[PDB]
Amino acid sequence: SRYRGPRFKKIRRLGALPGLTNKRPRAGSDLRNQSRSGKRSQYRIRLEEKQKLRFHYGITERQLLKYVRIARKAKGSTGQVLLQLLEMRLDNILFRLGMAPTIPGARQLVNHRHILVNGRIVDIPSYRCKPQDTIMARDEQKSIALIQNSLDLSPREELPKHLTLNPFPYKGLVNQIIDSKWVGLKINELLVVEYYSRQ
Amino acid sequence: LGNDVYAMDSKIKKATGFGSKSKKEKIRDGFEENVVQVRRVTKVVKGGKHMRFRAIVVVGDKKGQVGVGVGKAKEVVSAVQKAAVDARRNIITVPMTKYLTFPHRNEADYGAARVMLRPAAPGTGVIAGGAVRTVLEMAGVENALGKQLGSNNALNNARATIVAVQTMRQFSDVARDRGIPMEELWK
Amino acid sequence: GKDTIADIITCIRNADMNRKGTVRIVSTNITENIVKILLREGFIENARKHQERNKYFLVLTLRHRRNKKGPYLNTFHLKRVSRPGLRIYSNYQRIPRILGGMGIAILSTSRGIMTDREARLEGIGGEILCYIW
Amino acid sequence: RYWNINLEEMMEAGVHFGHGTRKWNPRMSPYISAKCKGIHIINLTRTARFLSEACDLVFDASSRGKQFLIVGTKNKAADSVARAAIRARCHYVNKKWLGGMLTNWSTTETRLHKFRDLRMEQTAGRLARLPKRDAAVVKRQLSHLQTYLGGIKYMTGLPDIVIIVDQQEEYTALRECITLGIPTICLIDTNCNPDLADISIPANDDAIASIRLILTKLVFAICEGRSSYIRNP
RNA sequence: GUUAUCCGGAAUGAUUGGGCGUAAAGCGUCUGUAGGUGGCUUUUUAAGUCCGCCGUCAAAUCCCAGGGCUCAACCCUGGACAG
Ligand SMILES: [Mg+2]
Ligand SMILES: [Mg+2]
Ligand SMILES: [Mg+2]
Ligand SMILES: [Mg+2]
Ligand SMILES: [Mg+2]
Ligand SMILES: [Mg+2]
Ligand SMILES: [Mg+2]
Ligand SMILES: [Mg+2]
Ligand SMILES: [Mg+2]
Ligand SMILES: [Mg+2]
Ligand SMILES: [Mg+2]
Ligand SMILES: [Mg+2]
Ligand SMILES: [Mg+2]
Ligand SMILES: [Mg+2]
Ligand SMILES: [Mg+2]
Ligand SMILES: [Mg+2]
Ligand SMILES: [Mg+2]
Ligand SMILES: [Mg+2]
Ligand SMILES: [Mg+2]
Ligand SMILES: [Mg+2]
Ligand SMILES: [Mg+2]
Ligand SMILES: [Mg+2]
Ligand SMILES: [Mg+2]
């Protein structure tokens, strides 16, 4: 139920995908055969957008679909609510807090019971995080070592204003609900919403 | 009076030859053309089948300005181009709301093409079929419901869409027509 | 003349589409009230009454041509709703509103004729005579 | 600014009458006036307001620096047009009017290019060095090109104000300006529809006198507007 | 994935939402019974119609707001538009 396949590859075809890979793609070397499909059918544009989303967060389709139903339900602007929902996933928050290298990494971190949300172990990636929530490492040697090395050796200080990080114990804190401008990717949710008119 | 030869050679040098001056200026007009349909229509002659290409193309800025045009030639390329040029001289403006959608619900009729547009909440995107959707999208309408009832001809549906969004009245104007303040009609 | 209301409406629609400012209609409590209302909404220039051989005629002046007769962006639409065949009524929470409120809906209610606006203020439903664009 | 018109002069030149009552367009019934002996009589109080607004827009247009065409192709109006244009120093069409003069500009203007070469040829006297067939041929080209290009032969670029006589016969002028985004200021008799012109002046068709009156008032406005644009640029 | 079943798309049985000169479609033409609809003005009544209040339309389900199984599915509490 997880994408274990070649990553660079999906990246060449989709675009830039942070939650997947930090290695910038090869020059692309397709300039020999110069093979194109011509251009893309409007359908293919829509499809590639959705795929962008899906692989950035490591979600399965059947899951994405149910997020979208939750989205159409919710009273509000649909694409926005969707992006909220996807961006509140525990593993993704674990990632954007620099507590992980990438999303498969963060996911693994959560799975192996190395993380705590308000003094309780949550081992499932898709646990939805709500405002005022404590993201901690379990107090064991291993957990702490992991989080420390992956947090410190990665310099990025981009923290998106709803996310606090605190230094020695390493208490991360979820402050509030995401803003559409603070979202974790370049995507027109409009296209995805459109793709999903038929479900 | 200056001499006839140098002034007529001035209007001759200012109207430039079409055999010494190549053509690409079009991205300077701030537009984008979208080929909706390419078909091979045929005239028939004693020799045989004489093949032409019809192009149905719509132009917009994606900023609230759109038009349709149709063209015919031997090669895809030239048809496409004439289509562009024709649309550019047929063009109109679509009334928009602060959220990028339609003022109101509207139908439209052209030939056997009937068209129904109604405004949508922001965040629903543009959901429609081929002609209607490319025209809408190229106008820059962000959120709209549309369905074409009646026929399916790509072309008549394009025209129809245009007649729809042409007859769209914006509130300031109905307030100007009726002679009544805005806040009164809002209620 | 099976329906009188529909007929007034029609005389307008027709005289309108033919670019005439002046219409003769036959008066009635209903007719008169509807036209009054049409004036206070502002869809029509001016009304007046005439009498001959015990017949009453409301002549209606109509909004002038739109910056010529050939180039008209706007027409003035009318549509019958409750008609002798099927009478349509609505409670307070189904009261129609036309093109987000740009147009108007005429209602006959217990308090007399009005628009949908009035019906919402006073909290009343009733029989829906017609719509106007 | 004021213009020269009074009920007495309009009476004098004979503007107020128009074609028989079997020939009429009821489209003009809104502003017609009376009907006498099977001949229609048109409102002059409407005629004066239209003629004033016509001369006023003509004045603003000349003063800003815009360019003028005039058109009528009748036999008498053609003789009055060459002189109207010369007195106002404008462009004219009197002789046979060619479909496409306005709308199809590109080809029209190439036809102007070759007309200019013909005009240099003729005055150079290099038409004396030819066979007789060549000279009579070059002279066909000349005869035509004079009929068609004579009054416009100065104008380069698209004309943005067009004036016209008797829109009944002139259908294509009206069509082409309708198409190209050009104003028409036009003479209406009892037979013509007031759709086709931007400003349409109730007027007379059959009378050389009416043509002379209204065209002279108009060319006087073009001339005073010509002094004001000779001043402003 | 394939097959079966049902609704959709189908405005293709159409109240919302189609048609009948030539495309499927106006009885060969009238007279007329039931039935449907029917001009204007005042009054009455209040059957429709409208507004308020009450009773009920079991619980579960669907919808909204919280809570519990680490999450979700699922369970539990409270409440309500329709009609
Ligand atoms: Mg599964
Ligand atoms: Mg594979
Ligand atoms: Mg477990
Ligand atoms: Mg669906
Ligand atoms: Mg039709
Ligand atoms: Mg369809
Ligand atoms: Mg009811
Ligand atoms: Mg159906
Ligand atoms: Mg029906
Ligand atoms: Mg059918
Ligand atoms: Mg047959
Ligand atoms: Mg048949
Ligand atoms: Mg028959
Ligand atoms: Mg029979
Ligand atoms: Mg009978
Ligand atoms: Mg009977
Ligand atoms: Mg009865
Ligand atoms: Mg009655
Ligand atoms: Mg129940
Ligand atoms: Mg809930
Ligand atoms: Mg819970
Ligand atoms: Mg319950
Ligand atoms: Mg109830």
# chains A, B, ... in the order shown; residues from 1 in each chain; ligands from 1
call {"tool": "select_by_dssp", "arguments": {"residues": "segment 6-147 of chain D", "states": "alpha helix (DSSP H)", "output": "PyMOL selection string"}}
result
chain D and resi 7-13+44-64+75-88+105-124+132-147
call {"tool": "write_last_selection", "arguments": {"atoms": "C-alpha atoms", "output": "mmCIF file, in the first residue's frame"}}
result
data_model
loop_
_atom_site.group_PDB
_atom_site.id
_atom_site.type_symbol
_atom_site.label_atom_id
_atom_site.label_comp_id
_atom_site.auth_asym_id
_atom_site.auth_seq_id
_atom_site.Cartn_x
_atom_site.Cartn_y
_atom_site.Cartn_z
ATOM 1 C CA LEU D 7 -36.662 77.084 -40.650
ATOM 2 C CA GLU D 8 -36.808 79.598 -43.528
ATOM 3 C CA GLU D 9 -33.659 78.461 -45.393
ATOM 4 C CA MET D 10 -34.552 74.759 -44.974
ATOM 5 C CA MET D 11 -37.949 75.722 -46.385
ATOM 6 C CA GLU D 12 -36.195 77.565 -49.263
ATOM 7 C CA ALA D 13 -33.895 74.765 -50.474
ATOM 8 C CA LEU D 44 -37.670 69.651 -39.996
ATOM 9 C CA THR D 45 -37.512 70.237 -36.196
ATOM 10 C CA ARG D 46 -35.909 66.817 -36.015
ATOM 11 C CA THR D 47 -33.850 67.653 -39.137
ATOM 12 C CA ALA D 48 -32.296 70.704 -37.469
ATOM 13 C CA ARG D 49 -31.345 68.933 -34.201
ATOM 14 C CA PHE D 50 -29.749 66.131 -36.236
ATOM 15 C CA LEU D 51 -27.995 68.593 -38.597
ATOM 16 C CA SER D 52 -26.625 70.521 -35.615
ATOM 17 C CA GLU D 53 -25.357 67.390 -33.818
ATOM 18 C CA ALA D 54 -23.929 66.309 -37.218
ATOM 19 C CA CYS D 55 -22.039 69.567 -37.772
ATOM 20 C CA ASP D 56 -20.874 69.494 -34.111
ATOM 21 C CA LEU D 57 -19.428 65.997 -34.224
ATOM 22 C CA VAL D 58 -17.967 66.969 -37.623
ATOM 23 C CA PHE D 59 -16.341 69.999 -35.947
ATOM 24 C CA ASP D 60 -14.853 68.034 -33.022
ATOM 25 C CA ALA D 61 -13.669 65.338 -35.449
ATOM 26 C CA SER D 62 -11.973 67.811 -37.839
ATOM 27 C CA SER D 63 -10.396 69.766 -34.954
ATOM 28 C CA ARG D 64 -8.853 66.656 -33.334
ATOM 29 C CA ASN D 75 -25.354 61.948 -61.412
ATOM 30 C CA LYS D 76 -25.904 65.392 -59.827
ATOM 31 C CA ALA D 77 -24.590 64.663 -56.320
ATOM 32 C CA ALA D 78 -21.337 63.513 -58.045
ATOM 33 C CA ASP D 79 -20.791 66.973 -59.511
ATOM 34 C CA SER D 80 -21.603 68.528 -56.118
ATOM 35 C CA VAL D 81 -19.179 66.143 -54.332
ATOM 36 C CA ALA D 82 -15.926 66.971 -56.161
ATOM 37 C CA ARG D 83 -16.565 70.620 -55.197
ATOM 38 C CA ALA D 84 -17.685 69.794 -51.628
ATOM 39 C CA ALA D 85 -14.426 67.915 -51.036
ATOM 40 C CA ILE D 86 -12.229 70.505 -52.739
ATOM 41 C CA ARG D 87 -13.812 73.357 -50.701
ATOM 42 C CA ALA D 88 -13.295 71.337 -47.503
ATOM 43 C CA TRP D 105 -7.711 47.752 -47.508
ATOM 44 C CA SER D 106 -4.584 45.809 -48.391
ATOM 45 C CA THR D 107 -5.482 45.082 -51.986
ATOM 46 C CA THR D 108 -7.095 48.520 -52.429
ATOM 47 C CA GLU D 109 -3.797 50.115 -51.373
ATOM 48 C CA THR D 110 -1.733 47.957 -53.778
ATOM 49 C CA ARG D 111 -4.136 49.224 -56.464
ATOM 50 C CA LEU D 112 -3.147 52.707 -55.231
ATOM 51 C CA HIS D 113 0.605 51.814 -55.560
ATOM 52 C CA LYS D 114 0.215 50.968 -59.223
ATOM 53 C CA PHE D 115 -2.007 54.000 -59.816
ATOM 54 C CA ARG D 116 0.852 56.167 -58.492
ATOM 55 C CA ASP D 117 3.294 54.479 -60.861
ATOM 56 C CA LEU D 118 0.778 55.274 -63.684
ATOM 57 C CA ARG D 119 0.697 58.923 -62.627
ATOM 58 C CA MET D 120 4.542 59.143 -62.741
ATOM 59 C CA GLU D 121 4.556 57.347 -66.133
ATOM 60 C CA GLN D 122 2.064 59.723 -67.719
ATOM 61 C CA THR D 123 3.759 62.999 -66.708
ATOM 62 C CA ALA D 124 7.254 61.598 -67.482
ATOM 63 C CA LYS D 132 -0.132 51.586 -79.797
ATOM 64 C CA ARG D 133 -1.610 48.568 -77.969
ATOM 65 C CA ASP D 134 0.582 49.343 -74.923
ATOM 66 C CA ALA D 135 -0.565 53.017 -74.854
ATOM 67 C CA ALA D 136 -4.302 52.233 -75.218
ATOM 68 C CA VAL D 137 -3.890 49.522 -72.485
ATOM 69 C CA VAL D 138 -2.008 51.852 -70.097
ATOM 70 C CA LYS D 139 -4.860 54.310 -70.856
ATOM 71 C CA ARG D 140 -7.556 51.734 -69.886
ATOM 72 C CA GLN D 141 -5.721 51.331 -66.579
ATOM 73 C CA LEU D 142 -5.633 55.118 -66.305
ATOM 74 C CA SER D 143 -9.339 55.702 -67.156
ATOM 75 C CA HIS D 144 -10.525 53.175 -64.573
ATOM 76 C CA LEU D 145 -7.995 54.066 -61.873
ATOM 77 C CA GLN D 146 -9.140 57.679 -62.252
ATOM 78 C CA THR D 147 -12.818 56.737 -61.890
#
call {"tool": "closest_atom_pairs", "arguments": {"of": "chain E", "to": "ligand 19", "cutoff": "10 Å", "atoms": "only C-alpha atoms (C1' of nucleotides) and all ligand atoms", "output": "tab-separated table"}}
result
residue	atom	partner	partner_atom_place_in_ligand_line	distance
E:57	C1'	ligand 19	1 (Mg)	9.0
E:58	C1'	ligand 19	1 (Mg)	7.0
E:59	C1'	ligand 19	1 (Mg)	6.6
E:60	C1'	ligand 19	1 (Mg)	7.6
E:61	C1'	ligand 19	1 (Mg)	8.4
call {"tool": "residues_near_ligand", "arguments": {"ligand": "ligand 23", "cutoff": "12 Å", "atoms": "only C-alpha atoms (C1' of nucleotides) and all ligand atoms", "output": "ChimeraX atom specification"}}
result
/E:54-57,80-83
call {"tool": "select_by_dssp", "arguments": {"residues": "segment 86-194 of chain D", "states": "strand (DSSP E)", "output": "ChimeraX atom specification"}}
result
/D:91-93,161-164,184-188
call {"tool": "residues_near_ligand", "arguments": {"ligand": "ligand 11", "cutoff": "12 Å", "atoms": "only C-alpha atoms (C1' of nucleotides) and all ligand atoms", "output": "ChimeraX atom specification"}}
result
/E:22-24
call {"tool": "write_last_selection", "arguments": {"atoms": "N, CA, C and O atoms (P, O5', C5', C4', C3', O3' and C1' of nucleotides)", "output": "PDB file, in the first residue's frame"}}
result
ATOM      1  P     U E  22     -44.912  16.867 -42.400  1.00  0.00           P
ATOM      2  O5'   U E  22     -43.688  16.820 -43.397  1.00  0.00           O
ATOM      3  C5'   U E  22     -43.872  16.397 -44.731  1.00  0.00           C
ATOM      4  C4'   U E  22     -42.631  16.669 -45.520  1.00  0.00           C
ATOM      5  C3'   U E  22     -41.373  15.992 -45.008  1.00  0.00           C
ATOM      6  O3'   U E  22     -41.231  14.679 -45.512  1.00  0.00           O
ATOM      7  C1'   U E  22     -40.953  18.278 -45.448  1.00  0.00           C
ATOM      8  P     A E  23     -41.537  13.399 -44.600  1.00  0.00           P
ATOM      9  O5'   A E  23     -40.201  13.193 -43.793  1.00  0.00           O
ATOM     10  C5'   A E  23     -39.932  13.959 -42.636  1.00  0.00           C
ATOM     11  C4'   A E  23     -38.757  13.384 -41.902  1.00  0.00           C
ATOM     12  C3'   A E  23     -39.055  12.571 -40.658  1.00  0.00           C
ATOM     13  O3'   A E  23     -39.317  11.209 -40.979  1.00  0.00           O
ATOM     14  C1'   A E  23     -37.188  14.036 -40.323  1.00  0.00           C
ATOM     15  P     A E  24     -40.741  10.686 -41.529  1.00  0.00           P
ATOM     16  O5'   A E  24     -41.390  10.011 -40.255  1.00  0.00           O
ATOM     17  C5'   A E  24     -41.073   8.681 -39.879  1.00  0.00           C
ATOM     18  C4'   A E  24     -41.741   8.360 -38.569  1.00  0.00           C
ATOM     19  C3'   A E  24     -42.891   9.289 -38.194  1.00  0.00           C
ATOM     20  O3'   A E  24     -44.125   8.889 -38.789  1.00  0.00           O
ATOM     21  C1'   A E  24     -41.406   9.061 -36.356  1.00  0.00           C
TER      22        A E  24
END
call {"tool": "atom_distance", "arguments": {"atom1": "atom CA of residue 152 of chain A", "atom2": "atom CA of residue 166 of chain A"}}
result
12.4 Å
call {"tool": "residues_near_ligand", "arguments": {"ligand": "ligand 1", "cutoff": "10 Å", "atoms": "only C-alpha atoms (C1' of nucleotides) and all ligand atoms", "output": "count of residues only"}}
result
4
call {"tool": "closest_residue", "arguments": {"among": "B:28, B:127, B:133, B:104", "to": "chain C", "atoms": "only C-alpha atoms"}}
result
B:104
call {"tool": "residues_near_ligand", "arguments": {"ligand": "ligand 17", "cutoff": "12 Å", "atoms": "only C-alpha atoms (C1' of nucleotides) and all ligand atoms", "output": "number ranges by chain"}}
result
C: 2, 84; E: 36-38
call {"tool": "residues_near_ligand", "arguments": {"ligand": "ligand 20", "cutoff": "10 Å", "atoms": "only C-alpha atoms (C1' of nucleotides) and all ligand atoms", "output": "PDB file with C-alpha atoms (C1' of nucleotides), in the first residue's frame"}}
result
ATOM      1  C1'   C E  64     -25.009  19.021  11.722  1.00  0.00           C
ATOM      2  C1'   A E  65     -22.121  19.444  16.658  1.00  0.00           C
ATOM      3  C1'   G E  66     -19.148  17.017  20.215  1.00  0.00           C
ATOM      4  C1'   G E  67     -17.072  12.256  22.567  1.00  0.00           C
TER       5        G E  67
END
call {"tool": "atom_distance", "arguments": {"atom1": "atom CA of residue 56 of chain B", "atom2": "atom CA of residue 74 of chain B"}}
result
14.4 Å
